[PDB]
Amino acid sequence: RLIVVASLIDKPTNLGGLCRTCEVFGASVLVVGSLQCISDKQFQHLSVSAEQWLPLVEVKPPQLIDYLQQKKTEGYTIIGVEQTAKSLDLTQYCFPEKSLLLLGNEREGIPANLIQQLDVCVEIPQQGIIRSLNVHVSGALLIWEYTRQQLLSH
């Protein structure tokens, strides 16, 4: 199933929100940059106890390359969630069963050294003038789309 990697995300509100969404959709694991975030009050406000029920794993940003390489060997497709020239449109993207979603930092997105390690980048198409979506919302949309496709395939 689905691994969501939030190690690049800085804000406890985004992490806490994502924790709730991952739990609701039955993600296999949510990966965070520091287990300390789980006990942050802003995180807890948004996660509404989801952390009790969702597997959580710490992978610090410096360890991401090695972690993602290991997941490839286990049969995961490493999917960057990002707006890039080479990104595939989410409306056109059929998820592999073993999908891993890498979310970007709120300010910096996914850095070039990590883009290089990805199997694919997937982009949510936009119609308005605002540059991008919130990172938690972005992750929610891909988590949902993966889930929708899997429910329909099964």
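Residue numbers run from 1 along the displayed sequence.
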### Query
Got a sec? Mean C-alpha B-factor, which is higher, 99-107 or 112-120?
112-120
### Query
So 85-93 or 40-48, which one's hotter by mean CA B-factor in the entry?
40-48
#### Entry: For residue 61, the third of its chain into which the C-alpha B factor falls
middle
### Query
Relative to the other modelled residues in the chain, which third contains the C-alpha temperature factor of residue 127: lowest, middle or highest?
middle
### Message
When the deposited Cα B-factors of this chain's modelled residues are ordered and cut into thirds, is residue 31 in the lowest, the middle or the highest one?
### Response
lowest
### Task
Going by the recorded CA B-factors, say which third of the chain residue 2 sits in, lowest, middle or highest.
middle
